[PDB]
Structures are given as C-alpha cells and as structure tokens.
Amino acid sequence: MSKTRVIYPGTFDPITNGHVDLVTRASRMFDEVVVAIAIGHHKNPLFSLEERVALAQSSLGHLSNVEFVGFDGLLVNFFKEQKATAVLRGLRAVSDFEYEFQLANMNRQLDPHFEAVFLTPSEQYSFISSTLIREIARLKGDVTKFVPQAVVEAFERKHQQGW
Ligand SMILES: CC(C)(COP(=O)(O)OP(=O)(O)OC[C@H]1O[C@@H](n2cnc3c(N)ncnc32)[C@H](O)[C@@H]1O)[C@@H](O)C(=O)NCCC(=O)NCCS
Ligand SMILES: [Cl-]
Numbered sequence: 001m002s003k004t005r006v007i008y009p010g011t012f013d014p015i016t017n018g019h020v021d022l023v024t025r026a027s028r029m030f031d032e033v034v035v036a037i038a039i040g041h042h043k044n045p046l047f048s049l050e051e052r053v054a055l056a057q058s059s060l061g062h063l064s065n066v067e068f069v070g071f072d073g074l075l076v077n078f079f080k081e082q083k084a085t086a087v088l089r090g091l092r093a094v095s096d097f098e099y100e101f102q103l104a105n106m107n108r109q110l111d112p113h114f115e116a117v118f119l120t121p122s123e124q125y126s127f128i129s130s131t132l133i134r135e136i137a138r139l140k141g142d143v144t145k146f147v148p149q150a151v152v153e154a155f156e157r158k159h160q161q162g163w
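With the entry's author numbering, the residue at position 155 of the sequence shown is 155, and numbering never jumps.
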C-alpha cells in the first residue's frame, strides 16, 4: 500500500459548482487531491491567480485532503514534481472526450508513469462551463445556481470595479 495523490489542473476562472462536485468526489477515493490552478502566463484569465486560489480555498477549504497550488509549465513536469499518482479530469461535453484522450495519450509519451482518471459530474452540473458562467455574469445575469457564493460576490466586485 502506497499513498494516492491526484492532481486536478484547471484555469478555474472561476471555480464552478461543477469543479466543487468533482473535487469532493475525488477527495473520497484518493488520499491527497491537489487542486492545481494554471497561472496561464500567456493565456489571459479574468481572475488573478490570487482571486482564483481564494475562491477555490473558500469553496473546498473544509476538505482535509485537498491542497491548492498554482503552477505553470508542462502539466507533465508538474506531475513529476508532485510525485502524483494520476491527473484528474471531468467528462461531460463529447468534444471534451477527443481532446482529453489526446492530451492523455500525448503526456504519456512524455512521461510513461503519467495517468489520467476521469469523473462525470452529476447531471445537474453537466451543462456548466467556466466560460458560459463568465459570459452570463459579464451580462449582469444571475449565476448563483452555477457557482459558490464566494464567486457570486467576486463577480459583483469585478462589476463594482467596472465590468
Ligand atoms: C487543459 C488545461 C489548460 C486546463 O483545463 P481547462 O482549461 O479545461 O479548465 P477548467 O477550469 O474548465 O477545469 C478543468 C477540468 O474541470 C472540468 N470541468 C469544468 N467545468 C466542469 C463541470 N461543470 N463539470 C465537470 N467537470 C468540469 C473540465 O472538463 C476539466 O477536466 C490544463 O491541462 C493546462 O493548463 N495544462 C498545462 C499546459 C500544457 O502542459 N499543455 C500541453 C501538455 S498537457
Ligand atoms: Cl454555496
């Protein structure tokens, strides 16, 4: 018996009730879960790295075995650095599936010890994308059903600072 450490990479911009569901579910079949926020150094996200990790920690803080780190670089190197068992990914949109199968088969060429595991979210979380959430918030639309309160207020305070 070893001790399992799954990495859950994402821009998490912002974290969604979807992401929360998956991380809870992962937290039950793995010893450590690392919520790994991509800095996206050349990607251009809406929430600062600090904003994102905050909203993450706010929503999943109460889970003993969940850690939160930022990271940039190849996900493969981050994987090796973290002596990770496997990389956690969620499946729901079919176009999802073909890229996930590609990023999984490709990273494995880079590091043979590389592993993806996949979860499906609750049918109530399957339609939620960070991107759709941004665009609904962006147009002064209610996202309380789709993201944690933390994030609701956080949108209200990009609106207070303009937007
Ligand atoms: C794919 C990258 C960009 C981040 O993933 P993504 O942009 O999809 O992030 P997102 O914030 O949406 O969350 C990530 C994960 O959560 C899942 N997810 C998002 N919303 C939901 C939801 N409502 N329900 C279930 N799962 C969900 C996604 O399908 C994904 O598996 C990430 O792997 C990365 O930045 N990699 C580093 C760059 C790299 O090395 N690239 C080439 C070699 S890997
Ligand atoms: Cl909530």
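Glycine included, C-beta positions come from ideal geometry on N, C-alpha and C.
Scanning the segment 27–90 from its first residue to its last, the whole beta strand (DSSP E) runs of 3-plus residues come out as 32–38, 66–71, 86–90.
In terms of Cα proximity to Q124, the closest of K145, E156, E135 is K145. Remark: the shortest separation between the CB of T11 and any heavy atom of ligand 1 falls under 7 Å.
In this structure, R89 has its CB closer than 7 Å to one or more heavy atoms of ligand 1. Between the beta-carbon of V6 and that of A26 there is about 6 Å, and that keeps the pair under the 8 Å contact cut. Pairing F12 with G162, the inter-Cα distance amounts to about 22 Å. Collapsing the DSSP output to three states places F101 in a helix. In this structure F155 is in contact with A137, their Cβ atoms being roughly 4 Å apart against a cut-off of 8 Å.
Going by C-alpha positions, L63 is about 11 Å away from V35. Annotation for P121: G18, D21, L22, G90, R92 place their beta carbon closer than 7 Å to its own, counting only its chain and skipping 5 residues before and after. Its Cα nearest to that of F118, the residue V87 stands out among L132, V87, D31.
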